[PDB]
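Under full-length UniProt numbering, the first residue of the sequence shown carries the number 3, and numbering increases by one thereafter. Backbone N, C-alpha and C fix where the C-beta goes; we use that ideal spot for every residue, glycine too. Below: one structure, written as structure tokens.
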Amino acid sequence: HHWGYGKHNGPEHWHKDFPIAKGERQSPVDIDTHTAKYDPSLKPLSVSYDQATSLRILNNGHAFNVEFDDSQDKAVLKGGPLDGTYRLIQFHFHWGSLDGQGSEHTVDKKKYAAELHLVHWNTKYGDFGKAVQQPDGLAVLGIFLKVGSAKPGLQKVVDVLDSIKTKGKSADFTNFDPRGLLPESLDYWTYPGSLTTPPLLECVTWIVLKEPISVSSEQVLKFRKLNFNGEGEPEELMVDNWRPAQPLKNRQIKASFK
Ligand code: MMC
Ligand SMILES: [Zn+2]
Numbered sequence: 003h004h005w006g007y008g009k010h011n012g013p014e015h016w017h018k019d020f021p022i023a024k025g026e027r028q029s030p031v032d033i034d035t036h037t038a039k040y041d042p043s044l045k046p047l048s049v050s051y052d053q054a055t056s057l058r059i060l061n062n063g064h065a066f067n068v069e070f071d072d073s074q075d076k077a078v079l080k081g082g083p084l085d086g087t088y089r090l091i092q093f094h095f096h097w098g099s100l101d102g103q104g105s106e107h108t109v110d111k112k113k114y115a116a117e118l119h120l121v122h123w124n125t126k127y128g129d130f131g132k133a134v135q136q137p138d139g140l141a142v143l144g145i146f147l148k149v150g151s152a153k154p155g156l157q158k159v160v161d162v163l164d165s166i167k168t169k170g171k172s173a174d175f176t177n178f179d180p181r182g183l184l185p186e187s188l189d190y191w192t193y194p195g196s197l198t199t200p201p202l203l204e205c206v207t208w209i210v211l212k213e214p215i216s217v218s219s220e221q222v223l224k225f226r227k228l229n230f231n232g233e234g235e236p237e238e239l240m241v242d243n244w245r246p247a248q249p250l251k252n253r254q255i256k257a258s259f260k
């Protein structure tokens, strides 16, 4: 398959190879804060990243992914809306060409400068590939980025991007602590949705944190120097790698907080 974010292969085209693009639980969505209902039955989220073991960073021609060892319960997400244990496999971001767009989820139609996705799979399904055959196979923790002060825990990521400029390039990225990417509060919204890139599979319990992290203009500027293209192809800056909000259909967004 041959998909991207431009006019000729972007989100409006995806449904041809991936008909689920027009499905009943697609992501992202707009989070209308006045329709999301506080659910007192939701447990606190448990983010257990102490033993996280990062492996590599990769430019896949769409975004960059930091990949983890998911063989054992090293870095897991539990609680909140989730039954059982979900293992961290990778994180990546979506961002804009300018600060007024870049997020996938929106909050009362507000677009943030970027959005971080920490992707986890349900350990009752044994591996990630099996998990994406299940409606509760994945849990993605989404975190908005706004431009302000630098996020120190992001800097190691920023510092390596020069080495993975183009599609297919990777670099060692062991000993990275994803706890440094989290805001103070774990207040969240949650709803059932999908992967936001092809193959757009409808497997995801979304957990979107209310509090954005702040990153510096210099940090996001370095994201925007990456390339979608491979080396030796015309340069196309990796910006605006976000899918717009999709129809909510018959879904409810729940809030963990009043
Ligand atoms: C069914 Hg994913
Ligand atoms: Zn994503």
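Determine whether the beta carbon atoms of residue i and residue j lie at a separation below 7 Å.
{"i": "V149", "j": "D75", "result": "no"}
{"i": "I59", "j": "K153", "result": "no"}
{"i": "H17", "j": "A23", "result": "yes"}
{"i": "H119", "j": "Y88", "result": "no"}
{"i": "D71", "j": "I91", "result": "no"}
{"i": "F20", "j": "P236", "result": "no"}
{"i": "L57", "j": "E69", "result": "yes"}
For residue i, verify whether its CB is less than 6 Å away from any heavy atom of ligand 3.
{"i": "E238", "result": "Absence of ligand 3 from the depicted structure is noted, with ligand 1 and ligand 2 being the only ligands included."}
Which residues in the same chain as residue i place their Cβ atom closer than 8 Å to its Cβ, once the five residues preceding and following it in sequence are excluded?
{"i": "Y127", "result": "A133, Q135, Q136, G139"}
{"i": "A116", "result": "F95, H96, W97, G98, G104, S105, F146, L147, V217, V222, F225"}
{"i": "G6", "result": "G12, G63, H64, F230"}
{"i": "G82", "result": "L44, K45, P46, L47, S48, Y190, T192, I209, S258"}
{"i": "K113", "result": "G98, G102, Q103, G104, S105"}
{"i": "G232", "result": "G63, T168, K169, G170"}
{"i": "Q157", "result": "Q221"}
Short of 6 Å in beta carbon distance, which residues of its chain neighbour residue i, apart from the five on each side in sequence? Order them along the chain.
{"i": "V206", "result": "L140, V142, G195, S196"}
{"i": "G155", "result": "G182, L183"}
{"i": "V160", "result": "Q221, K224"}
{"i": "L188", "result": "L47"}
{"i": "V241", "result": "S99, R226"}
Looking only at its own chain, which residues have a Cβ that is under 7 Å from the Cβ of residue i, when we skip the five neighbours before and after it?
{"i": "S151", "result": "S216, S218"}
{"i": "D32", "result": "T108, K111, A247"}
{"i": "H4", "result": "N11"}
{"i": "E213", "result": "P185, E186, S187, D189"}
_I'd like to know if the segment 51 to 58 and the segment 158 to 166 are in contact, where contact means that at least 3 CB-CB pairs between them fall below 8 Å._
Counting Cβ pairs under 8 Å, fewer than three are found: no touch.
*asked:* My parser needs the beta strand (DSSP E) runs of 3 or more residues fully inside the segment 28 to 103; what are they?
replied: For the segment 28 to 103, whole beta strand (DSSP E) runs of length 3 or above, ordered along the chain, are 47 to 50, 56 to 61, 66 to 70, 78 to 81, 88 to 97.
*In chain order, what residues have a CB nearer than 6 Å to some heavy atom of ligand 2?*
Going by the Cβ distance cut-off, the answer is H94, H96, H119, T198.
*Run through the segment 111 to 171 for me and flag every whole alpha helix (DSSP H) of 4 or more residues, listed as ranges in chain order.*
If we require 4 residues or more, the alpha helix (DSSP H) runs fully inside the segment 111 to 171 come out as 130 to 133, 157 to 162.
*asked:* Closer than 8 Å is the cut-off here; do at least three beta carbon pairs connect the segment 35 to 49 with the segment 250 to 258?
replied: Yes, the segment 35 to 49 is in contact with the segment 250 to 258.
*Environment of ligand 1 in chain order, Cβ to heavy atom below 7 Å*: Selection output, chain order preserved: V134, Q135, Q136, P137, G139, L203, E204, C205.
*Give a yes or no on contact between the segment 24 to 34 and the segment 185 to 197, applying the rule of three or more CB pairs nearer than 8 Å.*
The segment 24 to 34 vs the segment 185 to 197: in contact.
*Would you mind listing the alpha helix (DSSP H) stretches within the segment 189 to 231 that are 4+ residues and don't spill past its ends, in chain order?*
DSSP runs (the alpha helix (DSSP H)) wholly in the segment 189 to 231: 219 to 225.
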